[PDB]
Each structure stands twice: as C-alpha cells, then as structure tokens.
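Cβ sites come from the backbone with ideal geometry, for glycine too, and all protein chains shown count toward neighbours. Basis: the model, the stated rules and, where named, an outside source; nothing here is a laboratory result.
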Protein chains: 2
Amino acid sequence: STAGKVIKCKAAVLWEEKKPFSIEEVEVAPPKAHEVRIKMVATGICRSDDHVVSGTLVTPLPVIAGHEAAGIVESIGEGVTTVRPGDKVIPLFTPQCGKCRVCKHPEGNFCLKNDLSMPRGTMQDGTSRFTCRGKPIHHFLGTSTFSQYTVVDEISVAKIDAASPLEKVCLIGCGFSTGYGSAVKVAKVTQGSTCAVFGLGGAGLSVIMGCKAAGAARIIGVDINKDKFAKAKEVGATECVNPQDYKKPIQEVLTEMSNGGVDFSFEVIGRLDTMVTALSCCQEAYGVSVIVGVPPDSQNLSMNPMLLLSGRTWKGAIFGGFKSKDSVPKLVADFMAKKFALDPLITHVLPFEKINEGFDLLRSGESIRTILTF
Amino acid sequence: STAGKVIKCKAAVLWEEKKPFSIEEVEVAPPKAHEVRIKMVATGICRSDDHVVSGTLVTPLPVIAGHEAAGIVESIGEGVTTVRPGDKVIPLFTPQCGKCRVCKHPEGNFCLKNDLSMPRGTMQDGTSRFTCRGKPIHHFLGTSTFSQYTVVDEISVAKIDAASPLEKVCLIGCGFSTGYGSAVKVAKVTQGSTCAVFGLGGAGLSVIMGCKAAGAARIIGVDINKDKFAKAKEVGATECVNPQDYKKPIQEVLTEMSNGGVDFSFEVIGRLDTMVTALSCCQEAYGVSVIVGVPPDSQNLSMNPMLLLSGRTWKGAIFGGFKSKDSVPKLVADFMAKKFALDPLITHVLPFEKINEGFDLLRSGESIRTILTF
Ligand SMILES: NC(=O)c1ccc[n+]([C@@H]2O[C@H](COP(=O)([O-])OP(=O)([O-])OC[C@H]3O[C@@H](n4cnc5c(N)[nH+]cnc54)[C@H](O)[C@@H]3O)[C@@H](O)[C@H]2O)c1
Ligand SMILES: NC(=O)c1ccc[n+]([C@@H]2O[C@H](COP(=O)([O-])OP(=O)([O-])OC[C@H]3O[C@@H](n4cnc5c(N)[nH+]cnc54)[C@H](O)[C@@H]3O)[C@@H](O)[C@H]2O)c1
Ligand SMILES: OCc1c(F)c(F)c(F)c(F)c1F
Ligand SMILES: OCc1c(F)c(F)c(F)c(F)c1F
Ligand SMILES: [Zn+2]
Ligand SMILES: [Zn+2]
Ligand SMILES: [Zn+2]
Ligand SMILES: [Zn+2]
C-alpha cells in the first residue's frame, strides 16, 4: 500500500530555464484534506509547457511542469467527495471551485483560484507536495503532470469515464478542448461562415475541428510551415496559406480572399504581430477575433483602436471558455460517443523517459502532439 | 419654386483647422438622382464636429461639418422613393444602403458606403454640392448639417414622424442613439449588472440612460470634471468618481469598488489611455468593454493581450450599432411615446448664427448639448 505514505517516484524536473528536463527520483507527499494523489498514465507535450522552458511564460522554478494529462486516483485526502481511488481522472489546469464570482457566472471559466495570473507554483494551501534532492519543487498550474505521481486540489481534477483510453483523452485536458471551445463557445462560429485560423499546431487544428463542427463554409488555415497544411485540410481546412509566399501582408490577402474580411479569426500561435493581423483580417463591422496563443511575458502590442470602433469584437480565452470540472467529463463522454476525433492530433507516442526527445520533436516543427506514456 | 435650382443660403464653413467657423453664403446645387435636398431646422453640436476643428478627426478641408440634425425635405432627385418634399427627416452620418454585406448582416451597421473610415468629403458620386466664394467645399460624413440647406444621398436620410419636435429629435441623429445603443445593443447590458462609464458628456449620459433602461444595478460615472456628476446621477448613475481624487490608477479603484471588476465598461471620451483603462477595469474573465470615443488620428494604443486571454471582450461601435435608416424612425416613434427622454441632454439653445459661441460652451466644459436653430 502507498496510501498515507510518501511515494518515491520518477519525475521530469525543470531546474532552470532553457535546459533539458532532468528525469530523476522525487518524493511525493500524501494528499492533505481536499487533495487527490494521481498515478499518471499519459501526458501530452503542449507548447505552453515549452513556454516554461523558453521563458515565454514565467512561473517559479524549479518546477514539475505538465498540464495536459490523464491518470488513475491512488488516494484521496479527508473530505474529498468527487473522486475515489481507482477512478480515471483528468487534472484541470484551470480549476473550478464552484464558489467564486467567475464560477457562478454563466459565461466565465477563469476561476479565481487559478495559478495562471500570478503564479505561486503551489497547492491551494501555499505549500508543495514535491521534494527532489532534499529541495522543495514547485507545482505548475495546480497540475504538475510530468511525474509518475502528482497531488492536485480537488477543484483541479475531474472524474471521467472508467472505460476511457487515457492515452487519447489526456488531450481533453488542454489542446483539444481549448481549440474546440474557442471556436464553438468563445467565438460562437456560425453555419456558413468564413473562418481564418493562424497556427496549425495541436490547438489550431482543434480550432479547425470546432469551426467545421459549427458548420463554417470556409476555413482558411495560416501557417509559415507548409508541412502543417495536409493535416489541417484533413480536419476541415478548405484552403491553406503561407504568409511567406506573399509580397502583401497576410491580413490584406485574407481580406481579399474573403471578399472584405472573415467572419471569425483565431490567433493560435502566441505572437503580438499575428494577434493584430488576426484582428485586422476579420470584417471591420461584424467580425470576431479570438486570441488563443500565449504571448511572451510582459510584452504589449500596439494597435489602432479604429479597428474596434468600426464594430469588430476582440476577445481571448483560457481552455476554450469551458468551465473545467463540468465540461471535461462531458467532453470525454462525447469522445466515447464518437462525436469528435482525437487521433488526428497525435503524431508521436513515446515513453515518459523520452520527454526531452518529445520536446525536440515539437521545437523542430515535426510533431503536433507527442503523448508520453508512463 | 426652388426645385431644380441652385439655392443660395448661409452655412458655417470651416476653412482651416483650429479657427472659428465662418458663417457666410454658399451655393447649394439641386439634388441629382437618388439625392435629397433638406432645409435644416435644428442641428446639435457634437464633440466629433469639434474633432474636425482640432484635427483629432481628419477629413478634407474646407468643409461644412455637422452630422446631428433634423430638417424638412425641400426637393428630391430623380428616383428617390423613401422621402418626399415636406417630410421631416434626420440625416444619417452612417448610411444604410441596404445592399452591402454589412447591411445584410443581422448585427452589422457600418455600411460600406460610409465616408468615415477613409473620408473623401464628397457625395457618393465623388463630387460636391457646395460652392463658397466660387470654390468647392467638402461635405462631412455625407451629411454637412451646418448649413441652412444640405444635399444628401438617399441612403443617408430617414423619414421620421410628421409630428416630431425637430429641436429635440435631432439628438437621435447622433448622441442619444450612439450612447443608448452602445449599452443596449453593443454591450447588451444585463439586469443587475455593474457598469462603468468613462466620460459624462452627451454620449456618456446616453450610455447611462441605456444601462439604466437595461436594468443595471450600479452605474459608476467617471469624469475629471466633477461638474458633470449631478446630471449623470439624474439620468441613472449610482455613484461618480473623479480620477484626479485618487492616488491609485482609476482601473484599480474601479476594480476595488466592484469587488473584482465591472460587468460592462464604456470609453466615451476619445483617449488611448482611457480605452486601455476601461478595458482593464472590467472583470478579467467575463467583462465586456465598449469603445465609443473617437481616437486622435492615426495613433495606436499599447496594451497587454493577457487582458483579453483571461476572457475579456473588447469591442467598439459607430452609432450605437444601430442600422441607421431602419432604426432612426423607430427611435423617434419611441421618443414620441415617452420611452426615453432627450431634454436631460439639452443644456443650451442658440440660433445657428451663434455657432461659434456654441462651440465655446462645449470647449469650456459648460454644455452637454447646444441645439442650434436655423
Ligand atoms: N488559451 C489557452 O488556454 C491555450 C491552450 C493551449 C495552447 N495555448 C497556446 O496556443 C499556442 C499554440 O499552441 P500549440 O498549437 O500547442 O503550438 P504549436 O504546435 O507550436 O503550433 C503553433 C503553430 O504556429 C505556427 N507559426 C509560428 N509562427 C507563425 C507565424 N508567424 N505565422 C503563422 N504561423 C506561425 C507554427 O509553425 C506552428 O505550426 C501557444 O502559444 C500555446 O501556449 C493556449
Ligand atoms: N462612436 C460613435 O458613433 C460616436 C458618436 C458620438 C460621439 N463619439 C465620440 O464620443 C466622445 C464623447 O463625445 P461627447 O459625449 O459628445 O463629448 P464630450 O461632451 O466632450 O464628453 C467627454 C467627457 O469626457 C470627459 N473627460 C475628458 N478627459 C477625461 C479623462 N481623462 N477621464 C475621464 N473623463 C474625461 C470630459 O470632461 C467630458 O465630460 C468623443 O470622442 C466623440 O467624438 C463617438
Ligand atoms: O496551454 C494552456 C496554458 C495557457 F493558456 C496559459 F495562458 C498559461 F499561462 C499556461 F501556463 C498554460 F499551460
Ligand atoms: O460623432 C460620430 C462620429 C464618429 F463616431 C466617428 F468615428 C467619426 F469619424 C465622426 F466623424 C463622427 F461624427
Ligand atoms: Zn472559482
Ligand atoms: Zn496547454
Ligand atoms: Zn450598406
Ligand atoms: Zn457625433
């Protein structure tokens, strides 16, 4: 039995920025009240994890990163009512406390208990459950999935279908749900519309999936890497364009292609310039542009507010606008009912021990999602 | 007797920026096909007219400005079907051609025939109906209401109730409809919500009217001129704040006052800094901010897109989002049925010949709207 005891297990520790993960033994404390300890089964490599490595995202180090995952509950602390030992679960990098003003709002999902805005890198109680080489190690987004075992707050975990294939549904923990929701929930793409999607990685492909599910007539994929185009078309893009192929700025190209601007545009990269381009390419009177990409820390963009005064709407969202704990189990159930596909996002499957090689596949442009298996 | 003939009349010509208007004789050509010549009855002094004088808004000079007005049709050109001589009308500074993709869109109102985005200062056919001292004079927004007679394109005029009081309803041609629609149609203010309104001039007061009509529980007016507060409270503000009273930035003050950010905010001034402040003060996950104010020409704002990524919506609109020709007659009918009030916006009345004194009143901070009578 491990319940009530410290577990020594393997994890991928990031000691400093811009260095490889160190795969080594950590100690994982048992869960306190209202906490859940999870044996990880699969975790995805998301670009946002790479942002921690690259310094695009700032969070306290050293850290156990990872936020897109699925596993099995090993034990629960006093007072947990929503999961039990043996349950399949997905950690929620955006919590759902159910009590704050955001959780109570019909359209809000960025729960005030999140550790994204002003990261502390701890459990809700301000402490860590991880030690390595005698040193405390930070959590990441209340998830920390790059470990054989993690401990999360109850508000940061959802129970999912016992029959779920964890090596696929982990993607409901970030990339699929983010893109899909950004289209269907945040933008509210309409039937017959024209959409433009900037960035054709895992999140952008999931945006395309959502635009197609919503009935868009045209879905224009935009990427500087033309190797991304074939898979974009497979999941619903009607055309793809590479800005590098044109003498004009791509917002002008897209405005021309759409006979005056697109209905819906999405920035799914994380660059200030493409955020402004994406806004500009939507129709000036009624267009909507949604920011999904995470830009570099503390940098501001510049834009002309006449882009908004004419009638554009500009918004962003975390996790596709989904209330996390309510939504994740329903998304898994929908997947099990064949309502959407996940395989198109998965290009590589590697053992956890190959985490660094997985990050190299992402950085080279060669992968969409690598799933790591414990 | 004047049909088909040039009319000589008085107009207020702006020859140069940062100079008084010149009240002097102009020649007004008869209407060509699908044009309407209007004998003006009343016109308001809007801050956007002052922006032409100050160079905040760039439009070709020399010009006959004026865009908020009401009058009586003197004659119609060939093919006009929607008004007749003797009809009361309001010129539409945002046209409604009824045929472009925006006019056809259920939400859109910024008709592609507008002369706002890239002003030419002409009629739709690229020519002018005005001569002064033998020189052609530009139009403004297709309306040019600072003249005893103007000529407008048919898509830029709406017929209104024959019993309408023109010295009141002219305000439906800009300030009232802009602010009221910005609240009720663009933001879609909800019952029980908390709103913040930056700028308590004619447009901002009309935003407050709309927020109150929509059932907001709290409406916080924000102005650096505390003399504006009494009227703001009369039309529905629950509290007023002057940024100059506070050591902290007003976005922080408003976030504190609203226990974590407002539901809806409105920028109704025309400053880049207050556009960003108004965005920031809305709740980060579900807040909505609407830009109403007109920015200084060709200047960009700077902002951190994390404000949007958390969930905020940012939008702007012209003329409160109203499809102009459809909406203006209905707004007049509603005014006649006492569904809203216009008198709170009218602080001064002057003859047209005292237009410069009317601009002095606006610039000093003393007036909300001065209505000029011809
Ligand atoms: N808002 C959220 O909740 C959330 C969730 C998931 C991902 N993200 C962010 O979304 C972004 C995309 O993530 P991902 O899909 O996993 O990453 P990814 O797989 O790296 O995809 C990004 C794509 O952008 C392409 N690209 C790079 N520069 C340009 C350019 N100038 N023009 C056009 N295309 C370009 C690039 O070739 C690649 O295919 C990242 O910034 C993530 O951090 C945000
Ligand atoms: N979008 C549209 O269709 C549209 C229509 C009508 C008006 N406008 C614009 O809306 C703006 C307001 O017009 P208005 O109400 O006629 O003008 P106004 O009467 O000049 O009102 C502006 C108010 O802003 C106040 N103010 C100035 N600076 C600050 C500051 N730093 N903080 C807070 N308050 C400040 C000022 O004291 C005044 O009461 C102008 O830029 C107009 O051009 C836009
Ligand atoms: O990929 C999801 C994701 C985000 F959208 C962020 F904004 C962020 F800061 C982060 F750490 C993260 F993992
Ligand atoms: O006051 C309405 C109004 C505007 F909202 C503008 F954006 C503009 F350019 C203009 F000339 C105008 F009169
Ligand atoms: Zn919450
Ligand atoms: Zn992610
Ligand atoms: Zn039109
Ligand atoms: Zn105006």
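Residues in the range A:265-319 that are in contact with a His (Cβ under 8 Å, 6 or more places away or on another chain) and small (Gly, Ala, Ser) were compared, and the one that is nearest to residue A:58 (Cα to Cα) is A:270.
Which residues, counting only those in the range A:112-130, are within 12 Å of chain B (Cβ to nearest Cβ) and within 16 Å of ligand 6 (Cβ to nearest atom)? Within the range A:112-130, A:114, A:116, A:117 meet the criteria.
In the range B:63-81, the count of residues that are more than 16 Å from ligand 5 (Cβ to nearest atom), more than 27 Å from residue B:162 (Cβ to Cβ) and over 17 Å from the mean Cα position of the chain (by Cα) is one or more.
Screening residue B:56 with (1) within 16 Å of ligand 2 (Cβ to nearest atom); (2) touching a helix residue (DSSP H, G or I) at 6+ places or on another chain (Cβ under 9 Å); (3) closer than 17 Å to residue B:138 by Cα gives one miss only, at (3). Taken as a whole, the condition of being over 15 Å from the mean Cα position of the chain (by Cα) and within 14 Å of ligand 1 (Cβ to nearest atom) does not apply to residue A:104. Considering A:178, A:150, the condition of being within 16 Å of ligand 3 (Cβ to nearest atom) and out of contact with any strand residue (DSSP E or B) (no Cβ under 8 Å at 6 or more places or on another chain) is satisfied by A:178 alone. Figure legend. Inter-residue proximity from the range B:312-333: first residues aromatic (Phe, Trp, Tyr), second residues surrounded by 24 or more Cβ atoms within 10 Å (Cβ to Cβ) and part of a strand (DSSP E or B), beta-carbon distance below 7 Å, spacing 6+ or different chains. Indicated pairs: B:314/A:314; B:314/B:289.
Please state which one of B:262, B:222, B:235 is within 14 Å of chain A (Cβ to nearest Cβ) and more than 16 Å from ligand 1 (Cβ to nearest atom). Exactly one residue qualifies, and that residue is B:262.
A Cβ distance below 9 Å, combined with a sequence gap of six or more or placement on separate chains, defines the contacts here; from the range A:163-178, residues that are at negative phi reach residues that are away from ligand 6 (no atom under 15 Å from the Cβ) and charged (D, E, K, R) in the pairs A:163/A:88; A:164/A:88; A:166/A:88; A:168/A:343; A:169/A:88; A:169/A:161.
Of all residues in the range A:295-318, those satisfying the criterion of being within 25 Å of the chain's Cα centre (by Cα) and within 7 Å of another protein chain (Cβ to nearest Cβ) are A:295, A:300, A:301, A:313, A:314, A:315, A:316, A:317, A:318.
Confirm whether residue A:116 is part of a loop (DSSP other than H, G, I, E, B), touching a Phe, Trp or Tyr at 6+ places or on another chain (Cβ under 6 Å) and either more than 16 Å from ligand 8 (Cβ to nearest atom) or of a type in the set (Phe, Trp, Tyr) (or both). Spelling it out, it is not the case that residue A:116 is part of a loop (DSSP other than H, G, I, E, B), touching a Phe, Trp or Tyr at 6+ places or on another chain (Cβ under 6 Å) and either more than 16 Å from ligand 8 (Cβ to nearest atom) or of a type in the set (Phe, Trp, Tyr) (or both).
In the range B:251-273, how many are β-branched (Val, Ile, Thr) and surrounded by 24 or more Cβ atoms within 10 Å (Cβ to Cβ)?
Looking only at that region, the number is 3.
In this structure, is residue B:324 crowded, with 21+ Cβ neighbours inside 10 Å and either within 14 Å of another protein chain (Cβ to nearest Cβ) or hydrophobic (A, V, I, L, M, F, W, C) (or both)? Here the answer is yes, as residue B:324 does meet what is asked. Polar (S, T, N, Q) and within 16 Å of ligand 8 (Cβ to nearest atom) - does that describe any residue in the range A:291-302? Among the residues of the range A:291-302, not one is polar (S, T, N, Q) and within 16 Å of ligand 8 (Cβ to nearest atom), which makes the answer no. Checked against (1) surrounded by fewer than 24 Cβ atoms within 10 Å (Cβ to Cβ); (2) assigned by CATH to the domain that holds residue B:143; (3) in contact with a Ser or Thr (Cβ under 9 Å, 6 or more places away or on another chain); (4) not polar (S, T, N, Q), residue B:296 passes all but condition (2). Would you confirm, using the coordinates I've provided, whether residue B:132 is under 23 Å from the mean Cα position of the chain (by Cα) and away from ligand 4 (no atom under 16 Å from the Cβ)? No, not satisfied.
In the range B:71-92, the count of residues that are more than 16 Å from ligand 6 (Cβ to nearest atom), touching a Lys or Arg at 6+ places or on another chain (Cβ under 7 Å), small (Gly, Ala, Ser) and closer than 20 Å to residue B:358 by Cβ is one or more.
The lone criterion from (1) without any contact (Cβ under 8 Å) to a residue 60 or more places away in the chain; (2) closer than 27 Å to residue A:355 by Cβ; (3) touching an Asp or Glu at 6+ places or on another chain (Cβ under 7 Å) left unmet by residue A:53 is number (1). Return only the number of the condition from (1) more than 16 Å from ligand 7 (Cβ to nearest atom); (2) within 14 Å of chain A (Cβ to nearest Cβ) that residue B:101 does not satisfy. Failed condition: (1). When the range A:140-152 is examined, which residues are found to be over 20 Å from residue A:5 (Cβ atoms) and touching a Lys or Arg at 6+ places or on another chain (Cβ under 9 Å)? Within the range A:140-152, just A:142 meets the criteria. Out of B:343, B:360, report the one residue that is surrounded by fewer than 21 Cβ atoms within 10 Å (Cβ to Cβ), charged (D, E, K, R) and free of Cβ contacts under 8 Å to residues at least 60 places away in the same chain. Residue meeting the stated conditions: B:360.
Restricting attention to the range A:82-138, the residues that are closer than 18 Å to residue B:260 by Cα and hydrophobic (A, V, I, L, M, F, W, C) total 9. Of all residues in the range A:250-262, those that are on the phi < 0 side of the Ramachandran plot and outside any helix (DSSP H, G or I) total 2.
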